[PDB]
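Okay, so we've got the same protein chain twice, two forms, each given alone as structure tokens, structure 1 and structure 2.
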Structure 1
């Protein structure tokens, strides 16, 4: 009904399987687990980086000759970003390039932009052209990147060329609205809204629907929560995991994060006497799939609580050990009292991101 596009996901389960194969870790995990079960055991650090799922799609096009690109979706950035044919860096060499001279619809803007991050540095310029996905279209100001430094095992090894922002945060000062806001402005869609539908039975797929609430994706009502930040898909919620709880937490919806995160303190209380096993030397917390002590996780707002049963926050690891599962929950300290809801939450809740109203909505996904 509304324009929907599918995107691929490389998730942390996949990357963990790759590590396991790379380093021949299966039997090690299996024997450590067997040790825990006997139970002959007990007797630090992961990176927000490592928790990133890659959400990518290849059908967005720039300019009227439809220059093809592979984009990953970024839920915090408001900009779209693409390697310039002028790009200086060796990173750019294997990538698809935007060549403004080849489009009749390009309009020069040339305002320079610069991103400086821990992970790396991006320099470029604003350029204006048609940006299409693929039902939808709008002349749009995006960053043409002229230099890319860092980001640098991922970028080269990825087939990703650029970033397509589904967030709020614009690097310009030119008040370039998000691509989805721009769509609504030029009347390509009725509302500056999109939704994420992550099908529960295909962890390598998600769907983005733009400009409308597609009823086929969900059962029951949609509950909306007000953003608690001008520029973040982030909401106030009391979080309860068993008897471990934190009031007025900050909870970011980020379907590009591969897991549920919790502060490290909070997690330690959670996992104590939950009979969950931390495999030595690996960032891998493991438990039996039927673990009868694992609680329903609760995210409570004044008028709705969002929950996740063990079934939705564990990942079977049966290709390692029968009835083994891993915890899809990672202890990580961001700002005080900040939690993120990533892929596992969104496998249960169809989610709606409403730029016009500064709301996020949730409904019980269908199994499609």
Structure 2
């Protein structure tokens, strides 16, 4: 034997948390996904190696389980996922309602990321029309059964990792934010998406389609938008050392802004940069990625959510934004 000291991971919070299935309280780790509208879970029957060291849902150990069995198969350019539909108790903290979910039974093609993390499944929190089987979103379902009064939830991510991070259902906790809470109207009942004029230095795109996505740890922007910025950065002498790398202290890096008619949401340069080293880092990389998802569409991930406490209001069809606060 020799001297071994335990290594740790870094304090880094996202919309990762525990929910429960069945009346025997079967525990899982969920990614609470604002841009998906089903709950998906590793089934006890899953024949896929992926599934081995996960948490499982066993419909025979829960006395409140209901047969549905409607098969479903989803496939990406990247991977494939097939399962069956089940109903049972679904619980987050104190609240519980019977809900229609997908038991995963074959998972091909998401490696080594899927088996590498301690996440079991997705607990979608998007809108009805984006979901398979056309199901009412979980939180609406809580309101239907009068378990809560207002179809609303909120994500607080701790803006400096000094404390726990939280998902709150049924009401707005003022402990989480400073300044005003501001609602924007949804441009569609598909995702949590809003019309905003986006500005990044001299580049701008009016009335862009902008989407909240608690699953990405990136900011996203169209290719052409990203090209215009690269060229404009060049015009404005913003120094870069390669496409994505810059001095963290770079004084020419512009504020990224999303403007509505009555409120501007912003990420300062150091709020969209990732350090190259994990301590005392002189260099930085833009955490902004050109991807073309839809005409004029931009995605807000964790970097936005790290700064903005966000609110999701089914009843009003709005998204609330406020400056996240250290607990």
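Between two forms, the rigid core is the largest collection of C-alphas that superpose within 1.5 Å. Residue numbers count along the first chain shown, from 1.
Just one residue from the list 142, 233, 179, 241 crosses the 2 Å line for C-alpha shift between structures 1 and 2 on a rigid core fit, and it is 142.
Once the rigid core is overlaid between structures 1 and 2, residue 267 does not reach a Cα shift of 2 Å, moving by less than that. Superposed on the core, the two forms differ at residue 54: its CA moves 2 Å or more between structures 1 and 2. Annotation for residue 295: C-alpha shift under 2 angstroms between structures 1 and 2, rigid core superposed. Here the rigid core is superposed, and residue 153 then shows its C-alpha moved by 4.9 angstrom between structures 1 and 2. When the core is overlaid, the C-alpha of residue 328 ends up 0.8 Å from its other position between structures 1 and 2.
Once the two forms are overlaid on the core, residue 283 shows a Cα shift of 11.0 Å between structures 1 and 2.
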